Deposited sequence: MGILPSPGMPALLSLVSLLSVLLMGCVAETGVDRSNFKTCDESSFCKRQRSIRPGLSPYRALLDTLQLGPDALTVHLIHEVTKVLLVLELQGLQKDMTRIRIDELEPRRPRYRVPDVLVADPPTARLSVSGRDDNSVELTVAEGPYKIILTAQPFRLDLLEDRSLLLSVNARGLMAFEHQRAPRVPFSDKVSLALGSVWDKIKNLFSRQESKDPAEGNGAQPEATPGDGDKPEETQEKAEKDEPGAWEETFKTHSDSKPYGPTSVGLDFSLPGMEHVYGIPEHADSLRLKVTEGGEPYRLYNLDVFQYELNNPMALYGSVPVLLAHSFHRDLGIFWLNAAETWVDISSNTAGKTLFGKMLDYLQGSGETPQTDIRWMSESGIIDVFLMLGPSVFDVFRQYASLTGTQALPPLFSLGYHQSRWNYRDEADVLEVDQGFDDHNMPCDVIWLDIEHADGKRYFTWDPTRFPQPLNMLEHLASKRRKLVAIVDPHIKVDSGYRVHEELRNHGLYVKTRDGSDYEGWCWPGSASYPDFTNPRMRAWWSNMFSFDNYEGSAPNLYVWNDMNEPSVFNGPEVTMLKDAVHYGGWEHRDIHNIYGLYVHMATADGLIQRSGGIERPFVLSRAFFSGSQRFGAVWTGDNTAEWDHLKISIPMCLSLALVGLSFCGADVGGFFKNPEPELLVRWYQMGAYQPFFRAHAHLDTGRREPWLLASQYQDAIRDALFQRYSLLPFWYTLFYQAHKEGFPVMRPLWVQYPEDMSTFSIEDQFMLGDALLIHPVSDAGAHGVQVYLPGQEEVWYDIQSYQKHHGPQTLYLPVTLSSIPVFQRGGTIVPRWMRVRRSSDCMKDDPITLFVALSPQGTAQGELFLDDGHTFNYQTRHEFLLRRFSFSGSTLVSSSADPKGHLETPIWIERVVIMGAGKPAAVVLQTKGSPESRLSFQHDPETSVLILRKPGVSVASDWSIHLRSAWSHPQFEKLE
């Protein structure tokens, strides 16, 4: 990477000003005479002791044990930016009450307790407590900074780029103290460890959506997306901070009886922060989800395997890749078309030589029951023969410069303009452009990839747009930067919905993202490299996205840059097989690495990884349904399941899928084995390949070969699988289920299963779905409804039950409503204590119970 292209904090004038303020006595003071306790909020004036600037603090208690702090100028010259469209609703407030008062202090109670907020007047300070336990302090180190709008702090240059900065210094900043917290997580995206590092001896973590060519590992440089959410975990509690600001933001983290301090510094906008008080991390998940929404339920096919590269050259190449999967017995749902499929990178078009008949290509793919993804970027070639550019120019929908002309930068088609996606009129235009009459050559099995939406501008400062470009409503680009990509993602997803009459669920991959991006589809970690350390870092990077609500995450399988050695590609397939978004992708200058081009031993190990992923699709689908309804991450750090095991607080070579599967992919060339930490007091874990049972807590040395994927099922869980692997997920979605029951030491287990048609909103608009609960206790396995509202016509039935940790029964008896009592044959392996129940034959929609005698 070329670091000189990207500002350090010292080269960012507002970061330099803010960071030079060091912990000390704050000059800010609350004027308790101005205190007003309102219907929704408490409002009280603040004053800078030296400058006499007057600010308004708006303090709110919120339902679900959250607090919102907003600070703005009392009499501003012009309005400051408040982030729109990220919050799904106006958060329901709780009533505040003055329950104590001093000459320098006011104590507030949220509703009837137990949460209390202590406002200190001089110096300004806020403390949040549960009863009398101190949870969090605000401005405890006096780092609050609010540059009021006055009449490199003004005109500023970086390299050759000039920022006219017509409003001067307007940055805002605030610090937070977390007593008892030593481990913090989140604020993606950074190619760094899951547990965030202290920033004292170096750079703060930067949040600014940037296109970083050949980015490197273990550093705090800003990458393509920015989610200003930080989680703090201890043995005792979990907390979250949500800094709702869309401008360039730097985050300092400092340690100190143990206590972590957090400081946010943003270039403009107001101070708008949510404090999510837990106490458990799943409470924090719920609290954040109520604010910014939940993961959009992916259409089933998008959880299969995606085959991509830059570029498949023509229709014949696409069809040859499609046929190669079938000729080599490898499942695949989607083939991707990168930017060379269009006419000279004019998006929504097709190359007239290499893609002359897109409808026919899509028809051949539909006949294989596969899908296609086409890339559509938000930069529009300046070209009077290009209808998209002409309509956007004639309707004034482009981002503009200060002189009123449309902004023009450089990107893939050369000189390009940038639609103002912050303008709702532009988003409605963009959405309508995806209709089958407007996007000629598209079809219902074509989905979309949004790339370069930071936005990437090849000739712009830090390879993005000028700070003083002007958007809808007069706002500057510095005000809105980090939600530009989100708006592209949003407008694309809405277009795929509307083109179907509102019936089909969308699938959109996006590179840039913000808080709330989980509502619109998937993201990925951008342009990684075919190297073993990039394979390793895909876990903490996607783990950091999962913790802040973006569950549909992945990394380019095999690495984007360079050519992976066959052993590395095998390990990346095994790694990607157990990560949410599962796509192989590659740079223009790489060798072809479709999986059947390798020697047979590597092919076989890759095929085995693909088969495992496809068999687990009912499990992945259910985890994503739970994410969609509750806001719980699919891919989880071990400390989410074991909040009191302090030895898991930093683990990032292991992860869990839901609460049932623990994964430790091999991530070293020539490895002879791995060290697998199996946590949990009185917990047992089953090696899903050997069925060998293991008690926790322990660090197990597991020998591995090329085809090994170290995966363990937790006792007390039930995992559903489609053991009939077919060529795509559409082919499998009516097939029978096999249930894998891992018995706890108490002989119990539980699990869920979600089913629907696989691709429409009928689950929500018509309640056409099934949510089953499977529970085992004593010697009886019972299927019941976990949501009675859900009904679905489906041929899916239970063809097999595999029970781990069971003794040989004397007889097996099946009972279901509407049927006589039935007897089942079975197989029992005394060495492994594995019980296989043959062909139960019961509908998945029916209540039933199996009894082992």
| item | value |
| --- | --- |
| Gaps in the model (deposited sequence, numbered from 1) | 1 to 31, 183 to 244, 350 to 368, 966 to 977 |
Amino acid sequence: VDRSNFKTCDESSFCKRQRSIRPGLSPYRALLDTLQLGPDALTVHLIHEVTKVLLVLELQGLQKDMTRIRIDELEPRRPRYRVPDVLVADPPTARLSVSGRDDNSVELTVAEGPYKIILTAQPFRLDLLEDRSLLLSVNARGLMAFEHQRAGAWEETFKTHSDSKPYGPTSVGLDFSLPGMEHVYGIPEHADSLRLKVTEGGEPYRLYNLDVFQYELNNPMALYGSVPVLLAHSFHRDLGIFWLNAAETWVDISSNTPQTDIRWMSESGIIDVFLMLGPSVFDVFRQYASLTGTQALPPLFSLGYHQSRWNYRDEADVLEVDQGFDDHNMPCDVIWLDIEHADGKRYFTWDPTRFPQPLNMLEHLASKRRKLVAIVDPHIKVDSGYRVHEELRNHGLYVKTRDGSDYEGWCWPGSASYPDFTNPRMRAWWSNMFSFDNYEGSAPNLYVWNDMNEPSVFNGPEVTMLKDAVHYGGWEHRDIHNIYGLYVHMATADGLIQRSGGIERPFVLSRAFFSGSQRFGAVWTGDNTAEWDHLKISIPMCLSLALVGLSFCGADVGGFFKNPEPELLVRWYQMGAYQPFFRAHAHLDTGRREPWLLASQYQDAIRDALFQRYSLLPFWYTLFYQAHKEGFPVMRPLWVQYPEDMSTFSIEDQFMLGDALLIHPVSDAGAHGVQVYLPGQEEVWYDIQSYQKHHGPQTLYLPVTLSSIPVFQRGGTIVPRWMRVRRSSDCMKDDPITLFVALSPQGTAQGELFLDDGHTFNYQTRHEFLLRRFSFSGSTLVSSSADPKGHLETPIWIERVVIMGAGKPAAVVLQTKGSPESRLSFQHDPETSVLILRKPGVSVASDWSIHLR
From here on, numbers count along this sequence of modelled residues.
{"query": "Other compared entries missing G186, a third or more", "finding": "no"}
{"query": "Third-or-more of other entries without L300", "finding": "no"}
{"query": "Mean Cα B-factor comparison, 812 to 820 or 795 to 803, giving the higher one as deposited", "finding": "812 to 820"}
{"query": "Mean C-alpha B-factor comparison - 207 to 215 and 693 to 701, higher one", "finding": "693 to 701"}
{"query": "Given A121, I480, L616, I375, the residue at which the Cα B factor reaches its maximum", "finding": "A121"}
{"query": "Given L196, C553, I539, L74, the residue at which the Cα B factor reaches its maximum", "finding": "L74"}
{"query": "Ranked C-alpha temperature factor of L174 among modelled chain residues, by third", "finding": "middle"}
{"query": "Where the record places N139 (Cα B-factor, split into thirds across the chain)", "finding": "middle"}
{"query": "Chain thirds of CA B-factor: placement of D757", "finding": "lowest"}
{"query": "Chain-relative CA temperature factor third for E440", "finding": "middle"}
{"query": "Third assignment of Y167 from its chain's C-alpha B-factors", "finding": "highest"}
